[PDB]
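J.: Provided herewith: upload_28.txt, compact mmCIF, C-alpha atoms and all ligand atoms.
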# COMPACT_ATOMS: atom_id res chain seq x y z
CA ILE A 1 17.79 100.99 90.46
CA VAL A 2 20.50 102.47 88.21
CA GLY A 3 19.55 105.27 85.76
CA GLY A 4 16.03 105.51 87.22
CA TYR A 5 14.18 108.43 88.84
CA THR A 6 12.50 109.21 92.18
CA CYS A 7 9.01 107.72 92.09
CA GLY A 8 7.29 110.29 94.28
CA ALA A 9 6.02 109.29 97.70
CA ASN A 10 3.42 106.56 97.61
CA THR A 11 2.96 106.50 93.76
CA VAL A 12 3.72 102.76 93.87
CA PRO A 13 1.33 101.70 96.65
CA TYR A 14 1.95 97.98 96.13
CA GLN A 15 5.71 98.16 96.72
CA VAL A 16 6.91 96.74 100.05
CA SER A 17 10.40 96.64 101.72
CA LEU A 18 11.39 93.37 103.46
CA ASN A 19 13.32 94.38 106.58
CA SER A 20 15.52 92.48 109.10
CA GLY A 21 17.01 95.55 110.77
CA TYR A 22 17.84 97.00 107.32
CA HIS A 23 16.18 96.84 103.89
CA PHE A 24 17.35 93.68 102.04
CA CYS A 25 14.69 93.01 99.27
CA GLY A 26 11.48 94.47 97.86
CA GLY A 27 8.16 92.64 97.32
CA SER A 28 4.63 93.25 96.08
CA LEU A 29 1.38 93.34 97.98
CA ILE A 30 -1.12 91.12 96.08
CA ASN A 31 -3.94 91.15 98.61
CA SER A 32 -4.28 92.54 102.14
CA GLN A 33 -2.52 89.58 103.74
CA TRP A 34 -0.02 88.32 101.16
CA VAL A 35 3.15 89.58 99.45
CA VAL A 36 5.13 88.03 96.57
CA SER A 37 8.92 88.35 96.51
CA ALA A 38 11.78 86.24 95.27
CA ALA A 39 12.75 82.95 96.90
CA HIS A 40 16.38 83.99 97.23
CA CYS A 41 15.31 86.82 99.55
CA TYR A 42 14.09 84.28 102.06
CA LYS A 43 15.23 84.39 105.73
CA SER A 44 13.47 84.28 109.05
CA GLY A 45 12.71 87.33 111.10
CA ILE A 46 11.24 89.35 108.23
CA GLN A 47 9.18 92.51 108.94
CA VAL A 48 7.21 93.75 105.90
CA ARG A 49 7.10 97.52 105.56
CA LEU A 50 4.16 98.93 103.54
CA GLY A 51 3.47 102.61 102.63
CA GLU A 52 7.06 103.51 102.57
CA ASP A 53 8.87 106.17 100.58
CA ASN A 54 11.95 107.26 102.63
CA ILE A 55 12.89 103.92 104.40
CA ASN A 56 14.98 105.67 107.08
CA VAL A 57 12.30 108.14 108.34
CA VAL A 58 8.75 107.43 109.62
CA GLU A 59 6.89 110.08 107.52
CA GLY A 60 3.45 108.58 108.03
CA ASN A 61 1.52 105.97 106.01
CA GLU A 62 3.80 103.19 107.12
CA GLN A 63 2.45 99.87 108.37
CA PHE A 64 5.12 97.43 109.73
CA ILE A 65 3.71 93.91 109.96
CA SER A 66 5.62 90.71 110.71
CA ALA A 67 5.45 87.80 108.32
CA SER A 68 3.44 84.84 109.71
CA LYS A 69 5.01 82.35 107.15
CA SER A 70 7.15 82.49 103.99
CA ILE A 71 6.49 79.80 101.34
CA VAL A 72 9.44 79.40 98.91
CA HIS A 73 8.49 77.56 95.70
CA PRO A 74 9.20 73.82 96.33
CA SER A 75 11.08 73.61 93.03
CA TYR A 76 13.20 76.68 93.65
CA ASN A 77 16.83 75.93 92.61
CA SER A 78 19.33 78.22 94.29
CA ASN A 79 21.97 77.51 91.73
CA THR A 80 20.02 78.42 88.65
CA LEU A 81 17.43 80.62 90.38
CA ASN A 82 14.74 78.84 88.43
CA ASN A 83 11.39 79.29 90.20
CA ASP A 84 12.68 82.25 92.11
CA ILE A 85 9.41 83.14 93.79
CA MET A 86 8.14 83.23 97.35
CA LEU A 87 4.87 84.13 99.00
CA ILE A 88 4.84 85.76 102.45
CA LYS A 89 1.69 85.75 104.57
CA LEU A 90 1.36 88.73 106.96
CA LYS A 91 0.55 88.25 110.66
CA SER A 92 -2.41 90.67 110.30
CA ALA A 93 -3.92 92.15 107.21
CA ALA A 94 -2.77 95.55 106.01
CA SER A 95 -5.30 98.43 105.83
CA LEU A 96 -5.53 99.22 102.18
CA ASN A 97 -6.03 102.76 101.00
CA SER A 98 -4.55 104.95 98.24
CA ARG A 99 -1.09 104.73 99.68
CA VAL A 100 -1.23 100.95 100.30
CA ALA A 101 -2.94 98.88 97.62
CA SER A 102 -2.43 95.47 96.01
CA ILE A 103 -1.45 94.91 92.36
CA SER A 104 -3.16 92.35 90.10
CA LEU A 105 -1.80 89.11 88.91
CA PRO A 106 -1.78 88.65 85.13
CA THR A 107 -4.11 86.59 83.02
CA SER A 108 -1.65 86.36 80.16
CA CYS A 109 2.07 86.77 79.85
CA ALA A 110 3.32 90.05 78.34
CA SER A 111 5.09 90.30 74.99
CA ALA A 112 8.45 91.62 74.09
CA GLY A 113 8.33 95.36 73.68
CA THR A 114 5.81 95.67 76.53
CA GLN A 115 6.91 98.71 78.68
CA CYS A 116 6.85 98.08 82.50
CA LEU A 117 7.68 99.93 85.71
CA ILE A 118 10.33 98.50 88.02
CA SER A 119 10.85 100.11 91.46
CA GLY A 120 12.93 99.60 94.59
CA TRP A 121 15.44 100.89 97.13
CA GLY A 122 18.35 99.00 95.56
CA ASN A 123 21.73 100.26 94.61
CA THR A 124 21.83 103.24 92.22
CA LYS A 125 25.48 102.67 91.04
CA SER A 126 26.75 99.97 88.73
CA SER A 127 30.26 100.38 90.12
CA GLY A 128 30.10 100.71 93.95
CA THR A 129 27.26 100.92 96.42
CA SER A 130 24.99 103.94 96.89
CA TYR A 131 21.65 103.05 98.47
CA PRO A 132 18.81 105.61 98.39
CA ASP A 133 16.41 106.65 101.08
CA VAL A 134 13.42 107.04 98.79
CA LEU A 135 11.99 104.75 96.18
CA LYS A 136 13.40 104.79 92.65
CA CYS A 137 11.54 103.87 89.42
CA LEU A 138 12.58 102.77 85.96
CA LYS A 139 10.48 102.23 82.87
CA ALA A 140 11.91 99.27 80.90
CA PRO A 141 10.68 97.08 78.01
CA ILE A 142 10.50 93.29 78.04
CA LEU A 143 13.14 92.01 75.57
CA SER A 144 12.63 89.16 73.07
CA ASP A 145 13.56 85.67 74.10
CA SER A 146 16.26 85.47 71.51
CA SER A 147 17.91 88.60 72.76
CA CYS A 148 17.63 87.31 76.37
CA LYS A 149 19.18 83.89 75.50
CA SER A 150 21.95 85.43 73.42
CA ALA A 151 22.91 87.50 76.46
CA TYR A 152 22.75 84.61 78.97
CA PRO A 153 23.24 81.48 76.89
CA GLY A 154 22.17 78.37 78.82
CA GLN A 155 20.91 80.32 81.87
CA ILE A 156 17.43 81.38 80.90
CA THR A 157 14.57 79.00 81.66
CA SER A 158 11.03 79.32 80.56
CA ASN A 159 10.31 80.94 83.96
CA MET A 160 12.42 83.93 83.27
CA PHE A 161 12.35 86.94 80.90
CA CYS A 162 14.68 89.83 80.38
CA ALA A 163 13.70 93.50 80.53
CA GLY A 164 16.01 96.47 80.26
CA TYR A 165 18.43 98.15 77.92
CA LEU A 166 21.26 96.44 76.09
CA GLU A 167 23.20 99.70 75.89
CA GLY A 168 23.68 99.70 79.70
CA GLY A 169 22.95 102.60 82.09
CA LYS A 170 19.45 101.58 83.28
CA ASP A 171 18.67 98.36 85.19
CA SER A 172 17.51 97.17 88.61
CA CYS A 173 20.33 96.15 91.01
CA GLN A 174 21.04 94.60 94.46
CA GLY A 175 18.38 95.59 97.04
CA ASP A 176 15.77 95.71 94.24
CA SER A 177 15.52 91.85 94.27
CA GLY A 178 12.06 90.54 95.10
CA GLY A 179 10.34 93.67 93.86
CA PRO A 180 7.84 94.27 91.12
CA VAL A 181 7.92 94.54 87.36
CA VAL A 182 4.39 95.91 86.55
CA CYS A 183 3.16 96.19 82.99
CA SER A 184 -0.20 97.52 82.06
CA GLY A 185 -1.19 97.39 85.68
CA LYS A 186 -0.44 93.68 86.19
CA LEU A 187 2.46 92.16 88.12
CA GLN A 188 4.41 90.40 85.32
CA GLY A 189 7.86 89.94 86.88
CA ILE A 190 9.91 89.76 90.06
CA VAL A 191 13.38 91.28 90.18
CA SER A 192 15.63 88.17 90.28
CA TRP A 193 19.23 88.47 88.96
CA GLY A 194 21.59 89.96 86.37
CA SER A 195 25.34 90.20 85.73
CA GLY A 196 26.43 93.33 87.58
CA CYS A 197 24.02 96.18 87.14
CA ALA A 198 23.35 98.24 84.09
CA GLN A 199 26.20 96.67 82.12
CA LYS A 200 26.05 96.72 78.34
CA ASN A 201 24.45 93.60 76.81
CA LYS A 202 23.68 92.13 80.30
CA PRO A 203 19.98 93.04 80.93
CA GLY A 204 17.96 92.22 84.07
CA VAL A 205 16.39 88.76 84.36
CA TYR A 206 13.01 88.53 86.10
CA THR A 207 10.76 85.71 87.32
CA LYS A 208 7.91 85.22 84.83
CA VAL A 209 4.92 85.56 87.15
CA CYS A 210 2.29 84.57 84.55
CA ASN A 211 3.62 80.97 84.86
CA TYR A 212 2.92 80.94 88.58
CA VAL A 213 -0.60 82.29 88.84
CA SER A 214 -2.34 78.93 89.35
CA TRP A 215 0.34 78.05 92.00
CA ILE A 216 -0.01 81.39 93.83
CA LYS A 217 -3.77 81.05 93.81
CA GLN A 218 -3.73 77.38 95.01
CA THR A 219 -1.16 78.04 97.65
CA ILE A 220 -2.98 81.09 99.08
CA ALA A 221 -6.21 79.15 99.01
CA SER A 222 -4.78 76.36 101.13
CA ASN A 223 -2.90 78.54 103.69
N1 LIG B 301 21.57 93.58 87.46
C1 LIG B 301 20.38 93.25 87.93
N2 LIG B 301 19.32 93.38 87.17
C2 LIG B 301 20.22 92.74 89.25
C3 LIG B 301 18.92 92.58 89.80
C4 LIG B 301 18.71 92.08 91.10
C5 LIG B 301 19.83 91.76 91.82
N3 LIG B 301 19.96 91.29 93.01
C6 LIG B 301 21.23 91.17 93.22
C7 LIG B 301 21.77 90.68 94.43
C8 LIG B 301 23.15 90.69 94.69
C9 LIG B 301 23.67 90.20 95.88
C10 LIG B 301 25.20 90.20 96.12
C11 LIG B 301 25.63 90.21 97.66
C12 LIG B 301 26.82 91.17 98.02
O1 LIG B 301 27.64 91.45 97.16
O2 LIG B 301 26.88 91.60 99.18
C13 LIG B 301 25.69 88.92 95.43
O3 LIG B 301 25.59 87.87 96.04
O4 LIG B 301 26.15 89.02 94.31
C14 LIG B 301 22.81 89.71 96.82
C15 LIG B 301 21.43 89.68 96.64
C16 LIG B 301 20.63 89.17 97.67
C17 LIG B 301 20.70 87.82 98.08
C18 LIG B 301 19.93 87.33 99.14
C19 LIG B 301 19.06 88.18 99.82
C20 LIG B 301 18.97 89.50 99.44
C21 LIG B 301 19.74 89.97 98.39
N4 LIG B 301 19.51 91.24 98.14
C22 LIG B 301 20.94 90.17 95.43
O5 LIG B 301 19.59 90.14 95.20
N5 LIG B 301 21.99 91.53 92.22
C23 LIG B 301 21.06 91.90 91.34
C24 LIG B 301 21.32 92.38 90.07
CA CA B 302 9.72 105.77 106.06
CL CL B 303 20.19 78.50 75.33
Can I see the file as structure tokens?

T.:
Amino acid sequence: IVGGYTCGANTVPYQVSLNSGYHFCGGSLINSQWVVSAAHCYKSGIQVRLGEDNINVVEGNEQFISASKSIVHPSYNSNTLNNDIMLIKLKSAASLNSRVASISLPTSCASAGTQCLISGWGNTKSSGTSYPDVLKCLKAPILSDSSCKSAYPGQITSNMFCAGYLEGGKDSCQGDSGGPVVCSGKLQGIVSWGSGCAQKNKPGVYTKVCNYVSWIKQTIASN
């Protein structure tokens, strides 16, 4: 997260870290046995880490559970990153409490101007790599579709939205991918891509979760 702030331990109880010997993507707990992340964060050998703050120290509250299966959206396109969403089922359910809780799926899509909270252990520099130990947060508004399309002409599908600041300085970045964009207490986006991080006129592009609710629900129901 570039230009963000330290969240505070466990203030984002739905945030998860996908780990394969190191943190590679974030994700969101949507129920005690399922997580939502981005399809491009897929790989085998994933361990889901819940209740984390400092990812390099066991401070307590952590639950490390292996993924039983990962379901990448069948229509995911790696070249355009359209349908960049993935569901991960956990081998055993997580014990939910105040430090580990699920976030709700939306009923409606959010509007431009909606303010949301983006979090993750991704890079904090736009020029170079500096990864943090604790979770970083950023408050960012959803931009209008015309501003999004003007910034990424021909690359925005109806399953994406932009959120951020056109002046640069604040954005999500590598390592934040797969994590949550929560607005008014509902999971509205998934960190997906962007051009560099926090560059002027190149905002973050997120997966528009509201378009996948029926799919997420049907898929969980049949697995
Ligand atoms: N500016 C943004 N809002 C933004 C948001 C999420 C991003 N995720 C990534 C991202 C970048 C990479 C690098 C890899 C490298 O330079 O070593 C790449 O391919 O350009 C990789 C991933 C990535 C790809 C597969 C699995 C986990 C990952 N973290 C990113 O999400 N960039 C991002 C940029
Ligand atoms: Ca830890
Ligand atoms: Cl266009």

J.: Find the residue from A:151, A:90, A:7, A:16 that sits nearest to residue A:223; use all atoms listed in the file when measuring.

T.: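 So, comparing all the options, the nearest one is A:90.
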
J.: One decimal, Å: what's the distance from atom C17 of ligand LIG 301 (chain B) over to atom CA of residue A:199, could you say?

T.: 19.1 Å

J.: Show me which residues sit within 6 Å of ligand CA 302 (chain B) when counting all atoms listed in the file, and put them as an MDAnalysis selection string.

T.: chainID A and resid 52:59

J.: One decimal, Å: what's the distance from atom CA of residue A:155 over to atom CA of residue A:194, could you say?

T.: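 About the pair atom CA of residue A:155 and atom CA of residue A:194: they are 10.7 Å apart.
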
J.: Contacts between ligand LIG 301 (chain B) and chain A, please, where a residue of chain A counts if it comes within 6 Å (with all atoms listed in the file); show its shortest atom pair and distance in Å to one decimal, rows by chain and ascending number, as CSV.

T.:
residue,atom,partner,partner_atom,distance
A:24,CA,B:LIG301,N4,5.1
A:25,CA,B:LIG301,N4,5.3
A:40,CA,B:LIG301,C18,5.2
A:41,CA,B:LIG301,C19,4.0
A:171,CA,B:LIG301,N2,5.4
A:172,CA,B:LIG301,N2,4.4
A:173,CA,B:LIG301,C2,3.8
A:174,CA,B:LIG301,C6,3.7
A:175,CA,B:LIG301,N4,4.6
A:176,CA,B:LIG301,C4,5.6
A:177,CA,B:LIG301,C4,4.5
A:191,CA,B:LIG301,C4,5.5
A:192,CA,B:LIG301,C4,5.0
A:193,CA,B:LIG301,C3,4.2
A:194,CA,B:LIG301,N1,3.8
A:195,CA,B:LIG301,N1,5.4
A:196,CA,B:LIG301,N1,4.9
A:197,CA,B:LIG301,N1,3.6
A:204,CA,B:LIG301,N2,3.6

J.: Please tell me which residues are no farther than 7 Å from (11.3, 97.6, 83.9) in the file, counting only C-alpha atoms, and write them as a PDB file with C-alpha atoms, in the coordinates of the input.

T.:
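Result file is selection06.pdb:
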ATOM      1  CA  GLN A 115       6.910  98.710  78.680  1.00  0.00           C
ATOM      2  CA  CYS A 116       6.850  98.080  82.500  1.00  0.00           C
ATOM      3  CA  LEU A 117       7.680  99.930  85.710  1.00  0.00           C
ATOM      4  CA  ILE A 118      10.330  98.500  88.020  1.00  0.00           C
ATOM      5  CA  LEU A 138      12.580 102.770  85.960  1.00  0.00           C
ATOM      6  CA  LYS A 139      10.480 102.230  82.870  1.00  0.00           C
ATOM      7  CA  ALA A 140      11.910  99.270  80.900  1.00  0.00           C
ATOM      8  CA  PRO A 141      10.680  97.080  78.010  1.00  0.00           C
ATOM      9  CA  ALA A 163      13.700  93.500  80.530  1.00  0.00           C
ATOM     10  CA  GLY A 164      16.010  96.470  80.260  1.00  0.00           C
ATOM     11  CA  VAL A 181       7.920  94.540  87.360  1.00  0.00           C
TER      12      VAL A 181
END

J.: Go ahead and compute the interatomic distance for atom CA of residue A:114 and atom CA of residue A:167, in Å to one decimal.

T.: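 Separation between atom CA of residue A:114 and atom CA of residue A:167: 17.9 Å.
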
J.: Check which residues fall inside 6 Å of ligand CL 303 (chain B) when counting all atoms listed in the file, and print them as number ranges by chain.

T.: A: 149, 153-154

J.: Filtering to C-alpha atoms, could you give me those residues as a tab-separated table (two decimals), in the coordinates of the input?

T.:
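Saved result, part_31.tsv, follows:
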chain	number	residue	atom	x	y	z
A	149	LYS	CA	19.18	83.89	75.50
A	153	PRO	CA	23.24	81.48	76.89
A	154	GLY	CA	22.17	78.37	78.82

J.: I need the residue nearest residue A:221 from this list: A:143, A:34, A:9, A:189. Use only C-alpha atoms for the distance.

T.: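 Checking each candidate against residue A:221, we get A:34 as the closest.
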
J.: Because the input lacks atoms here, generate N, CA and C atoms for stretch 24-51 of chain A and report them as a PDB file, in the frame of the given file.

T.:
ATOM      1  N   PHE A  24      16.518  94.677 102.791  1.00  0.00           N
ATOM      2  CA  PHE A  24      17.350  93.680 102.040  1.00  0.00           C
ATOM      3  C   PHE A  24      16.693  93.274 100.686  1.00  0.00           C
ATOM      4  N   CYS A  25      15.383  93.362 100.543  1.00  0.00           N
ATOM      5  CA  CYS A  25      14.690  93.010  99.270  1.00  0.00           C
ATOM      6  C   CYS A  25      13.386  93.780  99.237  1.00  0.00           C
ATOM      7  N   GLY A  26      12.771  93.787  98.087  1.00  0.00           N
ATOM      8  CA  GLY A  26      11.480  94.470  97.860  1.00  0.00           C
ATOM      9  C   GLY A  26      10.451  93.334  97.723  1.00  0.00           C
ATOM     10  N   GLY A  27       9.218  93.689  97.486  1.00  0.00           N
ATOM     11  CA  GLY A  27       8.160  92.640  97.320  1.00  0.00           C
ATOM     12  C   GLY A  27       6.920  93.378  96.854  1.00  0.00           C
ATOM     13  N   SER A  28       5.911  92.637  96.559  1.00  0.00           N
ATOM     14  CA  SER A  28       4.630  93.250  96.080  1.00  0.00           C
ATOM     15  C   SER A  28       3.463  92.764  96.870  1.00  0.00           C
ATOM     16  N   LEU A  29       2.579  93.660  97.210  1.00  0.00           N
ATOM     17  CA  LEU A  29       1.380  93.340  97.980  1.00  0.00           C
ATOM     18  C   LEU A  29       0.362  92.805  96.953  1.00  0.00           C
ATOM     19  N   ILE A  30      -0.143  91.606  97.101  1.00  0.00           N
ATOM     20  CA  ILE A  30      -1.120  91.120  96.080  1.00  0.00           C
ATOM     21  C   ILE A  30      -2.471  91.047  96.689  1.00  0.00           C
ATOM     22  N   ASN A  31      -2.587  91.171  97.978  1.00  0.00           N
ATOM     23  CA  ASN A  31      -3.940  91.150  98.610  1.00  0.00           C
ATOM     24  C   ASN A  31      -3.677  91.710  99.986  1.00  0.00           C
ATOM     25  N   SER A  32      -4.644  91.963 100.815  1.00  0.00           N
ATOM     26  CA  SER A  32      -4.280  92.540 102.140  1.00  0.00           C
ATOM     27  C   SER A  32      -3.459  91.687 103.086  1.00  0.00           C
ATOM     28  N   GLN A  33      -3.325  90.417 102.824  1.00  0.00           N
ATOM     29  CA  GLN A  33      -2.520  89.580 103.740  1.00  0.00           C
ATOM     30  C   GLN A  33      -1.353  88.863 103.098  1.00  0.00           C
ATOM     31  N   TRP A  34      -1.146  89.013 101.822  1.00  0.00           N
ATOM     32  CA  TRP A  34      -0.020  88.320 101.160  1.00  0.00           C
ATOM     33  C   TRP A  34       0.834  89.200 100.261  1.00  0.00           C
ATOM     34  N   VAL A  35       2.115  88.885 100.246  1.00  0.00           N
ATOM     35  CA  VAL A  35       3.150  89.580  99.450  1.00  0.00           C
ATOM     36  C   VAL A  35       3.877  88.556  98.599  1.00  0.00           C
ATOM     37  N   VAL A  36       4.381  88.964  97.448  1.00  0.00           N
ATOM     38  CA  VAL A  36       5.130  88.030  96.570  1.00  0.00           C
ATOM     39  C   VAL A  36       6.518  88.681  96.481  1.00  0.00           C
ATOM     40  N   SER A  37       7.536  87.866  96.587  1.00  0.00           N
ATOM     41  CA  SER A  37       8.920  88.350  96.510  1.00  0.00           C
ATOM     42  C   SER A  37       9.653  87.209  95.848  1.00  0.00           C
ATOM     43  N   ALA A  38      10.946  87.287  95.903  1.00  0.00           N
ATOM     44  CA  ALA A  38      11.780  86.240  95.270  1.00  0.00           C
ATOM     45  C   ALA A  38      12.231  85.242  96.310  1.00  0.00           C
ATOM     46  N   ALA A  39      12.307  83.988  95.931  1.00  0.00           N
ATOM     47  CA  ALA A  39      12.750  82.950  96.900  1.00  0.00           C
ATOM     48  C   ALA A  39      14.155  83.207  97.436  1.00  0.00           C
ATOM     49  N   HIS A  40      15.021  83.775  96.647  1.00  0.00           N
ATOM     50  CA  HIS A  40      16.380  83.990  97.230  1.00  0.00           C
ATOM     51  C   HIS A  40      16.426  85.139  98.260  1.00  0.00           C
ATOM     52  N   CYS A  41      15.313  85.738  98.567  1.00  0.00           N
ATOM     53  CA  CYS A  41      15.310  86.820  99.550  1.00  0.00           C
ATOM     54  C   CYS A  41      14.798  86.180 100.808  1.00  0.00           C
ATOM     55  N   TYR A  42      14.605  84.905 100.816  1.00  0.00           N
ATOM     56  CA  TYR A  42      14.090  84.280 102.060  1.00  0.00           C
ATOM     57  C   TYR A  42      15.051  84.283 103.279  1.00  0.00           C
ATOM     58  N   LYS A  43      14.490  84.402 104.445  1.00  0.00           N
ATOM     59  CA  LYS A  43      15.230  84.390 105.730  1.00  0.00           C
ATOM     60  C   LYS A  43      14.140  84.417 106.786  1.00  0.00           C
ATOM     61  N   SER A  44      14.505  84.257 108.008  1.00  0.00           N
ATOM     62  CA  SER A  44      13.470  84.280 109.050  1.00  0.00           C
ATOM     63  C   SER A  44      13.602  85.666 109.672  1.00  0.00           C
ATOM     64  N   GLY A  45      12.644  86.009 110.455  1.00  0.00           N
ATOM     65  CA  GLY A  45      12.710  87.330 111.100  1.00  0.00           C
ATOM     66  C   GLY A  45      12.490  88.427 110.089  1.00  0.00           C
ATOM     67  N   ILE A  46      11.497  88.290 109.251  1.00  0.00           N
ATOM     68  CA  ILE A  46      11.240  89.350 108.230  1.00  0.00           C
ATOM     69  C   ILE A  46      10.092  90.281 108.708  1.00  0.00           C
ATOM     70  N   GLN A  47      10.261  91.560 108.535  1.00  0.00           N
ATOM     71  CA  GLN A  47       9.180  92.510 108.940  1.00  0.00           C
ATOM     72  C   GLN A  47       8.895  93.127 107.536  1.00  0.00           C
ATOM     73  N   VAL A  48       7.644  93.186 107.200  1.00  0.00           N
ATOM     74  CA  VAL A  48       7.210  93.750 105.900  1.00  0.00           C
ATOM     75  C   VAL A  48       6.820  95.207 106.185  1.00  0.00           C
ATOM     76  N   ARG A  49       7.381  96.075 105.393  1.00  0.00           N
ATOM     77  CA  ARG A  49       7.100  97.520 105.560  1.00  0.00           C
ATOM     78  C   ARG A  49       6.330  98.030 104.318  1.00  0.00           C
ATOM     79  N   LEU A  50       5.108  98.403 104.583  1.00  0.00           N
ATOM     80  CA  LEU A  50       4.160  98.930 103.540  1.00  0.00           C
ATOM     81  C   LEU A  50       4.039 100.444 103.731  1.00  0.00           C
ATOM     82  N   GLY A  51       3.669 101.123 102.677  1.00  0.00           N
ATOM     83  CA  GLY A  51       3.470 102.610 102.630  1.00  0.00           C
ATOM     84  C   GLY A  51       4.710 103.416 102.822  1.00  0.00           C
TER      85      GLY A  51
END
